[PDB]
Every structure is written in C-alpha cells, then in structure tokens.
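See below for the structure under consideration.
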Amino acid sequence: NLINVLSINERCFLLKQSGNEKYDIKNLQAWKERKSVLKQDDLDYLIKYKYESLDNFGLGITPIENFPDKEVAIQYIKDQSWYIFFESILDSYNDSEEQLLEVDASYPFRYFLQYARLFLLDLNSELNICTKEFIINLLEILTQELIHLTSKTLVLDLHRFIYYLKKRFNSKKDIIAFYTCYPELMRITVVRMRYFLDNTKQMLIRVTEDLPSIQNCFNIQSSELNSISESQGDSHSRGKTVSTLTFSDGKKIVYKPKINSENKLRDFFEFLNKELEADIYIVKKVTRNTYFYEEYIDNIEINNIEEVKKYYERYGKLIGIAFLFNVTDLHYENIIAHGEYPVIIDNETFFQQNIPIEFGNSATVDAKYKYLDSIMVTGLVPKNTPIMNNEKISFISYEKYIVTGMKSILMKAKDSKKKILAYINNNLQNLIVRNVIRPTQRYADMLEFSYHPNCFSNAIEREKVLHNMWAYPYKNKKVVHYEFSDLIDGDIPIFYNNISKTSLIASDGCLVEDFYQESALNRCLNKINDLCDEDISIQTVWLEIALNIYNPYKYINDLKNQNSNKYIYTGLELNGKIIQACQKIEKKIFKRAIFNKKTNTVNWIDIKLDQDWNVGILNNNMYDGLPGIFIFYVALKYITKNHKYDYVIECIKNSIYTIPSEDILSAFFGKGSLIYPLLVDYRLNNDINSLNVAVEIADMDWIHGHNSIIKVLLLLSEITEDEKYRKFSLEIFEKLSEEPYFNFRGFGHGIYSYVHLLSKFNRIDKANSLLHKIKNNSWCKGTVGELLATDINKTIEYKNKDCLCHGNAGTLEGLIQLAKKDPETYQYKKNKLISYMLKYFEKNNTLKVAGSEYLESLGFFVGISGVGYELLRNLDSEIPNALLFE
Ligand SMILES: Nc1ncnc2c1ncn2[C@@H]1O[C@H](COP(=O)(O)O)[C@@H](O)[C@H]1O
Ligand SMILES: [Zn+2]
C-alpha cells in the first residue's frame with residue numbers, strides 16, 4: 001500500500017518513466033465529477049501551473065493496483081529522506097519499558113517519543129541549558145502534536161480503549177503495518193518529527209548563545225531552562241511555534257521564532273510616545289535576525305477608578321495609532337491589561353495593504369474601500385480586561401475616554417504630518433511586516449479536513465482536498481501554490497512584505513513579485529498626508545457606533561445659536577438666499593461624492609438608520625438612498641445649470657441602474673423606488689430615457705407598505721395613458737384592509753395616506769367615513785400628514801429639525817399649500833419659516849438633520865437632499881410635491 005503516499009506529480013513522473021502515457025480516462029471522469037467549489041477558471045489555473053497539462057494530471061491520478069512497475073516505485077519511496085528517517089526511528093527503539101512517562105494513549109508513538117528523548121538528552125549534555133523537567137515538557141508537546149494529528153485516523157481505524165492500543169500497536173512490524181496502511185499519515189508524522197527536533201535544537205542553541213543578553217535584558221539570574229508551555233497549535237515555516245520559557249528561578253520569557261522588525265518597531269513606538277503622546281507600553285525584547293525573545297506580560301490588577309479612565313484613554317490612543325499606520329489583525333481579545341496599561345504583544349501587522357481580492361470596478365465598491373480604510377479593520381474595536389478587586393472592569397461607562405483617547409491622537413497626528421512622514425521615510429522604508437492574506441481559521445479548517453483518514457490513506461485524496469484553496473478570489477493566484485506547500489508540509493501559511501515593495505515573501509523566502517499594485521509605504525504616506533477633519537469625524541462616528549453611544553442629534557443639539565439675531569428676508573432677497581443655500585447643499589454633497597472615472601458611477605458613504613444607526617453606502621431606497629440625491633440634482637437642473645450637474649446625474653443613473661437591488665413591489669426599497677424620480681425627471685427636463693426606464697421597472701403603511709406603490713402606479717397611467725397601471729393598483733387596494741399598519745396618526749405611518757388614495761380612486765364620501773370615526777406635527781406621524789391629505793398654527797410652527805419626514809421642510813410643504821389656498825394669511829408665515837431655516841443654516845454651516853460634523857444625512861426624507869429639493873420647489877411649483885408623490 002506504501003505507493004499510495006505518491007503525489008499526483010510523482011505518480012505522473014513514474015508512469016512516464018514506465019514507458020506509459022495512455023491513462024484510463026474513466027477515473028478522470030470519476031474525479032472530474034466530485035463535489036467541488038472550483039470554478040472552471042480555478043481548475044484551469046491549478047491544472048496548468050501545478051501540473052503541466054490535463055494529460056499529466058490524468059496520468060498522475062492512476063489508482064492503486066493498476067500501477068505498472070511497483071518495485072521501482074517502492075524503491076523511489078524508500079529512497080526518500082523521510083522514509084529513511086522512519087527506518088532509523090524504528091531500528092533505534094529499545095525493549096525495556098520503565099523510564100518514559102506512563103500517562104498514555106501515547107503508546108502508538110512510543111517509538112518516536114523515545115527517539116526524541118535520546119536526541120534531547122544528547123543535545124543538553126552538550127549545551128547544559130535545560131533541566132529534565134524541561135525535556136519532560138518538550139516530550140509532552142510532541143506527544144500532544146502526534147495525538148492530535150492521528151486522532152481522526154484512530155477513531156475510524158477501530159472498524160476500554162487501551163485494548164485497541166495494546167492490540168493495534170504491540171510490535172515493530174505491527175506499527176509498520178498501521179503506517180503503511182496510512183502512508184500519508186506516516187510521511188507527515190516523520191515530517192513533523194523532523195521539524196520538532198530541528199526547531200527545539202535550534203531554540204536551545206539560540207538560548208545558549210543569547211543567554212547573557214537574556215539575563216541582562218530581563219533581569220534573570222538563572223542559567224537554566226526549566227519549563228516550556230503555551231505552545232499554540234499555530235505553526236509556520238517548518239513547524240515553528242511560539243512558546244513561553246520558564247527559567248529555574250521562575251522568570252519567564254516568550255520565544256518567538258519569526259521574521260521580525262522588532263528593533264525598528266521599538267524606535268517607532270518611542271518616536272510616537274514623544275511626538276504624539278501615544279503613551280504605548282514598550283515591551284522589553286532581545287531581538288535577533290529571524291527570531292526574538294519577549295518580556296512575559298501578565299494581567300496585573302489595576303488599583304483605582306482614576307487608573308481605569310487612564311487605561312481606556314490609552315486604549316483609545318492605540319486605536320488612533322492603529323488607524324494611522326494601517327494596522328490590521330490586532331484583536332481586542334489578545335490585548336493584555338497590564339495594570340493601567342493595555343499592552344500589545346503582537347505588532348507584526350503594522351503598515352498593511354488591502355488584500356488583492358477581486359471586486360467590481362464601480363464607485364460603489366470603491367466606497368467599500370473606505371471601510372477597509374477605517375478603524376473597524378484594525379481588530380481593536382469591539383486577559384484583555386483591567387481587573388480591580390478580582391472584578392473585571394469592561395468599557396461600560398468608560399466609552400467616553402476611549403473616544404477622547406482616539407480623537408486626541410488623530411488630531412495631534414494631523415498637526416504633526418511632516419514629522420510623521422519624515423520619520424517613516426527616515427527609518428521605515430524597508431520595514432518587514434507580516435500579511436494575513438486569508439484568515440487563519442480558514443487555513444486551520446482546511447488543515448483538519450486534510451487530516452481525514454481518507455486523506456492519510458491516499459496522498460492523491462489529501463491533495464484534492466487541498467485543491468479547494470484555488471477557489472479563493474485572489475487577483476494573483478500564484479500565491480496559492482505557497483499556501484498549498486505550507487499545508488501539505490502541515491503548517492499554517494505565512495507571508496511577509498517589505499513595505500516599500502509590492503511583492504510577498506513566502507514562508508520559504510521565495511518572492512511573489514507584483515502581488516500588490518501600490519506599496520504599503522505609499523498607502524500610509526498618503527493616508528497621513530491626506531488626513532483631515534472629515535476623516536477624524538467619520539472615525540469618531542464608527543467608534544461611537546461600535547461602543548453603542550452614538551447620538552444622531554448630539555451634533556445639532558450641541559450648537560449654540562443664540563436668540564434674537566437675524567430676521568425675515570424680503571420676497572426678492574429670499575429667492576437669492578434660497579439659490580445660494582441650495583448651492584451650499586449641492587457642494588456638501590459633491591465633496592462627499594465617490595466617483596469612479598472608469599465606469600462613470602458615483603456613490604456616497606453616510607450614517608443611516610435601520611433599527612440601529614450604522615455607517616453604510618447609499619443603495620436603492622427612496623427614504624435615505626440614491627434616488628433621494630438623484631431627484632435633488634434633477635430639481636437643481638430644472639433651474640440651472642446644464643454644466644457640472646449633467647456629468648453627475650449620469651453617474652447617479654449608472655449606479656441606480658447597476659447595483660444589488662430588489663425587484664420588490666414598493667415605492668421605497670428596491671428598483672421600484674426609482675419610478676417617481678424618473679417621472680419627475682421626465683416632467684421637468686426632456687429625457688424620454690428616464691420615462692423609458694420608468695416603464696420597464698413597472699412591468700415587474702405608506703412607508704414600508706403598499707399605499708405608496710399604489711399611488712405611483714396611478715401617476716404612470718396618467719403620463720402614458722395606458723390604464724394597465726390603474727387596474728394594477730385597484731387590485732392591490734381592493735384587498736388592502738382599512739386598519740392602518742401602524743397606530744400613529746399621520747401620512748406614511750398612519751391612516752391619512754389611505755385617505756389620500758380614496759380621493760385618487762374617485763371614491764370620496766366613503767373616504768370621509770374614516771375621517772369621521774376617530775373624533776406630532778410631523779409628516780410621517782403628526783398633523784402635517786393630516787394637513788396634506790386634506791389647529792393650523794400648531795402644525796405650521798418652527799421646530800429644531802429641518803428634514804422632510806418630520807421637520808421644517810415638511811412643514812414648508814404645508815405652508816406652500818396653505819399659501820396657495822390663502823396667500824394673505826400664509827405667504828408671510830411661509831417666508832418666515834424659510835428665513836429662519838436659511839439663517840440657522842448660514843450661522844451653523846449645517847442644517848438641523850441627523851448625522852455629525854461634516855457628515856449630515858444626505859437622504860431625501862431625513863437628509864439635506866430633500867431640504868434642498870423643498871427649498872427649490874418654493875422657487876417654482878413645477879417641482880412636484882414628492883411628499884405624497886405628485
Ligand atoms: N510577551 C508576551 N507576554 C505574555 N504572553 C504572551 C506574550 N507573547 C505572546 N503571549 C501569549 O502567547 C500567545 C500568542 O502567541 P503569538 O500569537 O505568536 O503572539 C497568546 O496566548 C499570548 O497570550
Ligand atoms: Zn419621520
């Protein structure tokens with residue numbers, strides 16, 4: 001069975017050498033149809049670059065006994081370094097059974113364990129650097145590795161436990177029998193064995209050589225290692241693992257056998273402490289070329305509440321620092337709370353770049369990049385909790401201090417651009433950092449699957465299980481060859497990067513050139529160079545949202561606007577003030593616009609509400625999405641000008657047409673929300689095209705319900721004469737019950753929207769019957785709702801909100817109406833409201849809407865696009881009343 005250890009390439013080679021090439025073909029078909037997530041392109045990639053061709057692969061897949069020249073294949077296997085090493089381990093073993101530990105289930109590996117023990121004894125007799133306890137610990141670690149590796153195989157190799165171990169593993173040949181039964185388990189076992197011996201020997205030689213520096217740096221009096229522990233299953237670069245080492249005086253260091261730049265990082269942190277008052281805890285290290293030793297950092301108790309505030313401020317600072325220098329993979333679980341200091345113990349992932357995954361080329365995926373450029377990607381934003389009187393102190397009621405910590409770092413750094421940029425260029429151009437290009441858990445899962453008895457019975461089978469790695473959407477898949485090589489080798493893949501280059505350094509030191517397009521160094525220089533108040537502001541929002549302390553109105557509530565200052569504008573100068581205000585609104589919108597020059601698309605990042613407030617990208621819903629901004633530019637075009645706004649309205653149409661949206665039958669949410677604004681675009685400007693698109697969509701309680709969609713359907717009939725729509729809505733309205741979906745008393749979220757439909761479906765009087773059987777201020781609930789469907793001074797009063805949905809612009813629609821029905825009573829009150837809104841606009845340089853500084857809601861119903869729209873309607877009533885869709 002030994003020939004089953006052969007890999008596809010190895011099988012392919014021997015067959016060619018056997019004077020053979022015509023492979024069965026039938027088993028290629030048997031392989032080609034198996035459950036796989038590999039797409040055709042993936043398969044094409046793998047077949048060509050891992051194997052020469054599809055023929056070779058077909059040849060390399062030949063099963064067991066169908067194999068010619070078995071002896072010459074066996075001789076090939078027996079010539080392999082790992083096979084020879086397996087022989088030596090078997091032949092070296094000794095009959096005695098009285099020295100090595102009896103805490104068992106490790107019976108199967110006693111051969112490996114003894115061989116490891118004698119190797120370690122011989123080594124220490126030379127080095128004199130550890131004790132017998134330490135060697136005991138080392139063997140437990142090897143034992144646990146072999147246990148874990150072979151366990152899945154054990155459970156099925158059955159088909160009280162000591163009986164099977166006694167039986168199945170009793171003699172030399174009987175152990176050879178189990179390993180020849182699973183010859184891929186045998187190969188990897190010996191591979192892991194060799195790694196274990198080499199890494200331990202290498203470790204012990206390093207500690208012996210580095211000892212005077214270790215003693216001096218860490219104030220350790222002892223000259224002998226006594227204990228090794230905490231060896232996480234996370235191994236890299238030929239079985240290398242982090243370990244905690246305890247000396248015979250009880251003092252501990254952490255051994256990290258990793259490529260590193262710890263000396264540059266220390267000088268960097270010191271710079272940051274001086275320049276940015278970063279107050280980073282500097283962890284003591286003895287740094288060497290391809291490894292380092294680190295100070296053992298424990299979770300020491302914090303003394304008082306005054307220190308807890310300091311702790312969480314410092315935490316906010318670390319977040320600011322992580323943002324500024326593109327830190328990823330930090331993980332807030334893993335911070336060590338060292339008294340009043342949060343301590344990072346892994347800092348190998350500064351200066352990162354986005355993984356070159358495949359994404360579309362729209363403005364709306366480019367908009368996704370700004371999240372990947374935020375505080376959220378650092379790993380630091382929710383042994384890591386401070387502890388006071390055996391009590392864990394979470395961030396609850398300390399959120400404020402984290403926010404302040406972060407803000408102060410970002411503000412100070414903004415003022416220190418040139419010093420930061422000069423440091424980086426002076427000291428860090430060749431920084432080597434790690435890149436996690438695929439999450440560890442994915443790699444871990446893959447490895448476990450590859451440990452299936454079926455993978456261990458036939459290398460070919462293990463190889464195929466790993467073939468799945470080729471499914472991942474890397475732009476450059478040349479990297480997967482290296483992941484595969486770590487994983488068959490039994491390791492988690494690991495990659496490094498010099499921050500000024502665009503290549504990846506693979507686990508064996510090989511380069512993958514042109515992996516990145518821009519260097520990590522430049523990405524950070526620019527972020528630093530470009531750092532502005534707007535960025536600080538959005539990072540504060542992200543954070544406050546994450547800490548669950550975001551207030552959508554905090555920003556407007558905290559403005560000081562005085563009492564008796566500024567007054568009512570005259571008819572003529574009020575028109576001049578409206579246009580200026582709409583230009584201010586447009587410009588606020590454009591400044592936050594994300595353009596993609598390539599596809600002529602645009603999108604925005606904005607704070608939006610969906611049960612909670614979250615930062616998001618604008619999608620196709622009327623309430624707070626892209627149709628909102630669309631209709632506003634439409635209206636602004638109706639006046640003037642063509643230029644500027646043409647090359648933006650196209651971009652907006654491109655996005656709305658071509659993004660993940662619904663087919664839903666609704667006038668809010670999904671492509672069905674695009675109807676009205678397209679009709680309005682048709683009715684105000686020429687554009688048949690918007691009407692063309694408008695009709696295409698149509699073929700497929702007011703908010704959230706159907707009421708609104710019924711209403712726009714009627715608009716369609718009207719503009720196209722085609723009564724297929726009026727009947728469409730009739731059907732829906734006939735089954736639509738009389739009770740409102742919500743108990744509120746308004747339009748959109750109450751009974752008044754239903755009312756309006758009846759007086760559109762001709763059937764008045766019976767509309768008045770509901771108006772009869774019942775007998776704040778907003779359009780959505782409240783009286784402006786009631787007003788527009790059909791105590792005036794209450795409903796027309798100024799409020800400290802400006803939006804359409806439940807603010808002054810909605811009130812302004814009520815006034816626009818009343819002042820048409822009765823100019824003498826209302827034309828002045830109307831101009832009063834407009835003037836108050838414009839005056840506060842001017843003074844505050846913002847409108848009274850949800851959001852934060854530099855980040856006003858952009859939406860139609862709660863944002864500034866609707867306010868601009870309403871203001872424009874006042875200038876020309878040809879702009880229809882969107883509030884009830886006309
Ligand atoms: N300098 C250190 N002090 C204390 N514990 C550490 C240190 N470095 C690593 N560890 C621990 O060892 C494990 C991490 O190894 P690594 O992921 O390579 O940093 C975690 O469980 C840490 O708690
Ligand atoms: Zn509302």
Side-chain angles (χ1 to χ4, degrees), residues 214 217-218 228-237 240-246 251-260 262 265-266 281-287 291-300 329-339 341-349 379 383-385 434 436 440-441 444 491-492 494 552-553 608-609 622-624 668 701-704 742 744-750 752-753 776-785 788 799 801-811 813 848-850 857 859-863 866-867 883:
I214 285 167
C217 184
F218 299 119
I228 181 169
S229 53
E230 309 171 40
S231 308
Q232 280 78 212
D234 233 49
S235 88
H236 307 296
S237 320
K240 285 158 193 32
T241 214
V242 172
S243 296
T244 297
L245 302 178
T246 310
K251 285 161 165 175
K252 304 206 267 175
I253 61 179
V254 188
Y255 172 68
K256 311 202 187 192
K258 332 211 274 168
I259 300 312
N260 72 89
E262 294 305 310
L265 281 150
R266 174 246 295 138
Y281 190 93
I282 307 307
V283 180
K284 301 191 198 336
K285 312 187 190 208
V286 172
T287 298
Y291 65 97
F292 60 107
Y293 317 91
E294 200 166 54
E295 197 181 356
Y296 192 83
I297 305 300
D298 44 8
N299 192 338
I300 279 288
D329 306 281
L330 273 205
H331 312 141
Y332 51 91
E333 59 274 87
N334 300 352
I335 289 317
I336 301 178
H338 188 83
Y341 278 94
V343 180
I344 319 115
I345 48 78
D346 245 37
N347 41 64
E348 64 173 349
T349 56
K383 262 188 160 305
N384 60 319
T385 325
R434 169 167 188 190
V436 185
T440 300
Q441 200 55 59
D491 281 328
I492 308 294
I494 202 177
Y553 308 122
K608 305 179 303 160
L609 176 70
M622 190 60 244
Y623 197 81
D624 60 27
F668 308 94
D701 216 321
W702 177 270
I703 324 274
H704 307 320
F742 304 96
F744 309 98
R745 283 267 253 87
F747 195 101
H749 288 320
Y752 296 116
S753 48
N776 209 105
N777 177 73
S778 51
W779 166 85
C780 68
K781 309 139 175 70
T783 56
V784 164
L788 293 162
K799 280 187 157 62
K801 307 280 175 284
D802 287 343
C803 69
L804 287 173
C805 189
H806 43 245
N808 299 319
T811 298
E813 185 62 35
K848 301 190 178 166
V849 293
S857 313
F860 198 73
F861 284 78
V862 299
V867 170
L883 251 53

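For this chain, numbers begin at 1 and follow the sequence in order. As the structure lists them, so they are numbered: ligands from 1, and atoms in each ligand from 1. What's counted below: heavy atoms across the whole structure, side chains too, no hydrogens, waters or symmetry copies.
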Near [X], which atoms of ligand 1 are under 4.0 Å from a heavy atom of that residue?
{"X": "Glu295", "result": "1 (N), 2 (C), 3 (N)"}
{"X": "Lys258", "result": "18 (O)"}
{"X": "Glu294", "result": "1 (N), 2 (C), 7 (C), 8 (N)"}

#### Entry: Heavy atoms from other residues, nucleotides or ligands near CG of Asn776 exceed 12 (cutoff 6.0 Å)
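Open: at most 12 neighbouring heavy atoms sit under 6.0 Å from CG of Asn776.
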### Message
If we count only N and O atoms by modelled type, under 3.5 Å, do the side chains of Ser243 and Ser231 hold a donor and an acceptor together?
### Response
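The answer is yes; a qualifying pair exists.
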Nearest neighbour in protein (non-hydrogen) for [atom]:
{"atom": "atom 3 (N) of ligand 1", "value": "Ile297 N, 2.9 Å"}
{"atom": "atom 23 (O) of ligand 1", "value": "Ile336 CD1, 4.5 Å"}
{"atom": "atom 22 (C) of ligand 1", "value": "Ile345 CD1, 4.3 Å"}
{"atom": "atom 6 (C) of ligand 1", "value": "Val254 CG2, 4.0 Å"}

### Task
Before giving the answer on side-chain hydrogen bond (donor to acceptor under 3.5 Å, both in side chains), spell out for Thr244 and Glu230 the whole-Å C-alpha distance, their side-chain angles and the decisive distance to 0.1 Å.
CA-CA 6 Å; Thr244 297; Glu230 309 171 40; 3.2 Å; yes
### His749 backbone or side-chain N/O/S under 2.8 Å from the Zn ion (ligand 2)
no
### Task
For the Zn ion (ligand 2), decide whether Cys805 has an N, O or S atom at a distance under 2.8 Å.
yes
### Task
Using distance alone, determine whether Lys256 and ligand 1 share an N or O pair under 3.5 Å.
yes
Heavy-atom distance under 4.5 Å between the side chains of [X] and [Y], does that happen here?
{"X": "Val283", "Y": "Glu294", "value": "yes"}
{"X": "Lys848", "Y": "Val867", "value": "no"}
{"X": "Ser237", "Y": "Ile494", "value": "yes"}
{"X": "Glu348", "Y": "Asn260", "value": "no"}

### Query
Is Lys781 positioned over the aromatic face of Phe742, cation under 6.0 angstrom from the ring centre and no more than 45 degrees off axis?
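Judged by the rule (NZ or CZ under 6.0 Å from the ring centre, within 45° of its axis), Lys781 is not positioned above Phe742.
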### Message
With a 4.0 Å cut-off on heavy atoms, is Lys252 in contact with ligand 1?
### Response
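No; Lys252 lies far enough from ligand 1 that no heavy-atom distance drops under 4.0 Å.
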### Query
Is the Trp702-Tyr752 ring centre distance short of 6.0 angstrom?
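Ring centroids of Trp702 and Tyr752 are no less than 6.0 Å from each other.
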### Task
Check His806 and report its N/O/S atom nearest to the Zn ion (ligand 2), by atom name.
ND1
### Query
Given that the side chain starts at C-beta and the backbone is N, CA, C, O, which of these parts of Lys383 lies under 4.0 Å from ligand 1, counting heavy atoms, or is it both or neither?
neither
### Query
Is it the side chain, the backbone, both or neither of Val242 that has a heavy atom closer than 4.0 Å to ligand 1?
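Answer for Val242: side chain.
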### Query
Would you call the rings of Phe861 and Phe668 parallel, tilted or perpendicular, where under 30° means parallel and over 60° means perpendicular?
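Ring orientation of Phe861 relative to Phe668: perpendicular.
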### Task
Determine, considering heavy atoms only, which of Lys240, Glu230, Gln232 sits nearest to atom 21 (O) of ligand 1.
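When every heavy atom of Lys240, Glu230, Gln232 is considered, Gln232 comes closest to atom 21 (O) of ligand 1.
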### Message
Quick test of your reading of the structure: of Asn334, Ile344, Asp346, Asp298, whose heavy atom lies closest to atom 16 (P) of ligand 1?
### Response
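Residue with the shortest heavy-atom distance to the ligand atom: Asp346.
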